[PDB]
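Step one of this worksheet: look at the structure below.
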Amino acid sequence: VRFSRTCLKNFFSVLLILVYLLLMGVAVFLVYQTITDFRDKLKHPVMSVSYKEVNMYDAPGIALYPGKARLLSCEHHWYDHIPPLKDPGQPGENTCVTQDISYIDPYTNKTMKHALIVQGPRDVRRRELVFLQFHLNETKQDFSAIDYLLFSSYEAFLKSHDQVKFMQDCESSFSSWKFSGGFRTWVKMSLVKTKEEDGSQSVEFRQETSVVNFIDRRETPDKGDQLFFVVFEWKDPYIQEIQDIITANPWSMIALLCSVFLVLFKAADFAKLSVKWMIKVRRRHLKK
Amino acid sequence: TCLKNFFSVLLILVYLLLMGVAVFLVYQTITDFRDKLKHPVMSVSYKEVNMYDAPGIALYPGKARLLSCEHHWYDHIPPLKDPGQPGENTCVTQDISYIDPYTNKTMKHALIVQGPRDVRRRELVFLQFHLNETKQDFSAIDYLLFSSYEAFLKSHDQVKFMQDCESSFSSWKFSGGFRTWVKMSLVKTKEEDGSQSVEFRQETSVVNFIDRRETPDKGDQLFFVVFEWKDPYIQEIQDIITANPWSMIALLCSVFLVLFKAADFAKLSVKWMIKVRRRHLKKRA
Amino acid sequence: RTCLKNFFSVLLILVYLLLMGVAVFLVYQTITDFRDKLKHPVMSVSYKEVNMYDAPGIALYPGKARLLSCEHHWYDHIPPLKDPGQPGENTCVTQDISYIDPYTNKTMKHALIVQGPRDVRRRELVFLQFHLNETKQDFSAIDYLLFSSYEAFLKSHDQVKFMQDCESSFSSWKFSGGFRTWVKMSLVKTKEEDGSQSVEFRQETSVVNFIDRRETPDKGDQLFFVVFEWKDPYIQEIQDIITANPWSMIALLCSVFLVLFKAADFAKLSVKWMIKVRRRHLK
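Protein chains in written order, with this note's numbering: chain A, 78 to 365; chain B, 6 to 290; chain C, 370 to 652.
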């Protein structure tokens, strides 16, 4: 009976240990796959788009840096797809709110550059367009162009103090575009909204230009004369929203772990059922 | 005996904490379920298509009269012609003037032209226009891109059909006095109801024109225009929803079950613990 | 009255099976959802930062023109114009061989290459000046093609083949004469499903008019002006992602199977309670 009991105990032990080892192996396999999945989801968040419609935009900032030109004319034509042309080279007709501030360089910290800051169109439904014309007496230059830079608000500019920072931040963060010289450039602007971590919101300006030639037949072509025309208009009454989010949920992973534990227990319950069946076999052997 | 005082409160403290963790968990899952329902995600795919589906291009010359049509079968270097001579109406042109829907004031005129086909064969349409000099500066022509030119021909009430397209579409402007290269790409978006919409995108590029060959005195304008298909990879946009329609019910039910079954395990384990504690008290009694 | 309880037990057995009908409906919904998720892989965008970019490769087809300038500034934007037409100042790592176009299988193409900016803090802007005699086509246009690495071109053999695959991968942008063209270059990185990474180039032109009154080129000899300044020291990292893992879904279904079995345990208990109610009725 010694070796019969030895073989019975060995069979019981090997069956129980094999069941427990398969259980542990699948448990480690599942926990490994879950932890790599969690790391993968932590590594790469996923982005989301959305479109909202607003009735009217705030007043945006447009910081023109004319080299030596003077503001010949500016208007606020609304619905005026065909602006009333007139004789070029004639000053006046300035119905715009401006504020001429000159500040210093961030790179060399010496350039005492200026900025003829002008407001932008307010309502997209009104589809108002701002028409600006600049003339500069010709000086020896390979090409002539005036840059323009956009920032969020013409009104928060007013209430803000220490405006040197208020221009430094915009130029350091954003980049600059140069509307062409000798042509009329039609520029459509659309504000994009980007969600940033900690709940911070960022406004980034993007635009697509469209150049159209200008005929100087209405003026005598002479040295010392060059005209620029630039117009800004809100592209569409839609705001693009970018929200970067993380799909994985830690709690969801925990729920999956519990299901394996319950599965493991049910596996252990079936192993105990096998053990009690073998105990019944041993009872049959003893009663034999 | 102080042992009863020590022990007869944990049996309900475990209940209290298990309901607390359960309600916190269900709050978490309902909150993030609502969050995922509120903010969906978008997925982008590319489709390679051998079929053109010529869209058709709108044109509003206004005062200019087209001088030429050319349908370059496959040639990126057009032959030189005489700038100013008329003829060669080779485009599939259909003329339908219409009234303004948006201002309800002007008698608009349109020249619908069938779009280029065979992107792999790279057929490009070439049109040129001559306009007598006018007082107005910045002479330019407007154009619009609309799909399904043939379906437009089958369609009726075309005035309404053209009127809805202009409002929906951006209608970017086409330059004057400047040959322009326009490459248009087809993008397709999946709407909420399951239908799909079609939108156009273009990357313009302007090239200068040598008018030195021409001998102008009045100031006549001779702007050209060229359309071409870009990479035929049509982009499909489908904003899918997060995959938890019925799953999170399964997760919440499973976390309910684990605590329910561990409640009975807690009861039996504390019964065994109180039995062995009674044995310990008996041993040192 | 116990016969009605037996019939109620039979009805409990039948609700044991309408429940698994509900369960098979649910798992069919789950497998349809999985088949949907293996169809629409989501996309991910990452914005990494590079302190000093790789040397890019720019191919130009000057036709019958002649390169006249390779001025690599340091931080100056104001270019001192010496003479519109003078040759020299070729301080650029240029190189050229004649290539044969495979598309027509007969066209021979000549392309000279340029080292490129390669740095963003320096914001190098290679400056090229081209002069060409009067032509008949009446549209002076020069085609410029961009690829990832200039240095990979020189060391690798099969330079003809190296041209014969950097042909349709990019769109072969073209710039025009008579105008200074400001091309701002940026690259995006796309991760292949096999683990490869594909480089892509994106550009945003901005043309500026030119004044020819400084030389009076009455004949028609056109000029060209191209810069290649980098836009930002950022790289768009595009990686696709797969939403669903089969093992992760498997668990939810397994949990449901356990719950239904547990529910049956309780449900048989409920039938015993109906039997317990019947005994009180018998009293």
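By construction, the Cβ of each residue, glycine as well, lies at the ideal position given by its N, Cα and C atoms.
Chain-ordered neighbours of residue i on chain C, where CB pairs are closer than 7 Å
i: residue 73 of chain B; result: Within chain C, no residue comes near residue 73 of chain B; the closest Cβ sits about 14 Å away, beyond 7 Å.
i: residue 170 of chain B; result: Correct list: empty, because the minimum Cβ distance to chain C is about 28 Å.
i: residue 254 of chain A; result: 575
i: residue 107 of chain A; result: 616
Beta carbon of residue i nearer than 8 Å to that of residue j
i: residue 595 of chain C; j: residue 257 of chain A; result: no
i: residue 359 of chain A; j: residue 92 of chain A; result: no
i: residue 497 of chain C; j: residue 442 of chain C; result: no
i: residue 590 of chain C; j: residue 501 of chain C; result: yes
i: residue 136 of chain A; j: residue 252 of chain A; result: no
i: residue 605 of chain C; j: residue 489 of chain C; result: no
i: residue 172 of chain B; j: residue 624 of chain C; result: no
i: residue 523 of chain C; j: residue 251 of chain B; result: no
i: residue 168 of chain A; j: residue 149 of chain A; result: yes
i: residue 407 of chain C; j: residue 620 of chain C; result: no
i: residue 245 of chain A; j: residue 298 of chain A; result: no
i: residue 220 of chain A; j: residue 549 of chain C; result: yes
i: residue 195 of chain B; j: residue 242 of chain B; result: yes
i: residue 422 of chain C; j: residue 599 of chain C; result: yes
i: residue 225 of chain A; j: residue 304 of chain A; result: no
i: residue 122 of chain B; j: residue 79 of chain B; result: no
i: residue 263 of chain A; j: residue 287 of chain A; result: yes
Short CB-CB distance (under 8 Å) between residue i and chain C
i: residue 362 of chain A; result: no
i: residue 242 of chain B; result: no
i: residue 239 of chain B; result: no
i: residue 37 of chain B; result: no
i: residue 257 of chain A; result: yes
i: residue 269 of chain B; result: no
i: residue 123 of chain B; result: no
8 Å Cβ cutoff, residue i in contact with chain B
i: residue 509 of chain C; result: yes
i: residue 335 of chain A; result: yes
i: residue 119 of chain A; result: no
i: residue 322 of chain A; result: yes
i: residue 631 of chain C; result: yes
Amino acids of chain A, ordered along the chain, whose beta-carbon sits closer than 9 Å to that of residue i
i: residue 34 of chain B; result: 326, 328, 329 and 332
i: residue 131 of chain B; result: Correct list: empty, because the minimum Cβ distance to chain A is about 19 Å.
Residues near residue i by beta carbon distance below 7 Å, same chain, minus five either side
i: residue 35 of chain B; result: none
i: residue 418 of chain C; result: 602 and 603
i: residue 568 of chain C; result: 517, 556 and 558
Proximal chain B residues relative to residue i, where beta-carbon distance stays under 7 Å
i: residue 291 of chain A; result: 142 and 143
i: residue 162 of chain A; result: 141 and 142
i: residue 432 of chain C; result: Neighbours of residue 432 of chain C on chain B: none; closest Cβ ~11 Å, over 7 Å.
8 Å Cβ cutoff, residue i in contact with chain A
i: residue 186 of chain B; result: no
i: residue 469 of chain C; result: no
i: residue 582 of chain C; result: yes
i: residue 627 of chain C; result: yes
i: residue 183 of chain B; result: yes
Cross-chain neighbours of residue i in chain C, by beta carbon under 8 Å
i: residue 273 of chain B; result: Correct list: empty, because the minimum Cβ distance to chain C is about 16 Å.
i: residue 236 of chain B; result: 540
Residues of its chain near residue i, where Cβ-Cβ distance is below 6 Å and the 5 sequence neighbours each way are ignored
i: residue 479 of chain C; result: 467
i: residue 244 of chain B; result: 45 and 47
i: residue 416 of chain C; result: 603
i: residue 378 of chain C; result: 640
Chain-order list of residues whose beta-carbon lies under 8 Å from that of residue i (same chain, five-residue window excluded)
i: residue 68 of chain B; result: 136, 137 and 139
i: residue 172 of chain A; result: 151, 152 and 153
Chain-ordered chain B contacts of residue i [CB-CB under 8 Å]
i: residue 589 of chain C; result: 215 and 217
Contact list for residue i against chain A, beta-carbon separation under 8 Å
i: residue 21 of chain B; result: Simply none; closest approach about 20 Å.
Open item on the list: Against chain F, which members of the stretch 410 to 423 of chain C pass a CB distance test of less than 9 Å?
Closed with: Although the question refers to chain F, the structure presented lacks it and instead comprises the protein chains A, B and C.
- [ ] Could I get the ranges of all uninterrupted alpha helix (DSSP H) runs contained in the stretch 174 to 241 of chain A, with 4 residues as the minimum, in chain order?
- [x] 233 to 236
Task: Runs of beta strand (DSSP E) lying entirely within the stretch 392 to 420 of chain C, each at least 3 residues, in chain order - done: 411 to 418
- [ ] Return the chain-ordered ranges of every beta strand (DSSP E) run that is complete within the stretch 170 to 212 of chain B and spans a minimum of 3 residues.
- [x] 184 to 195 and 201 to 212
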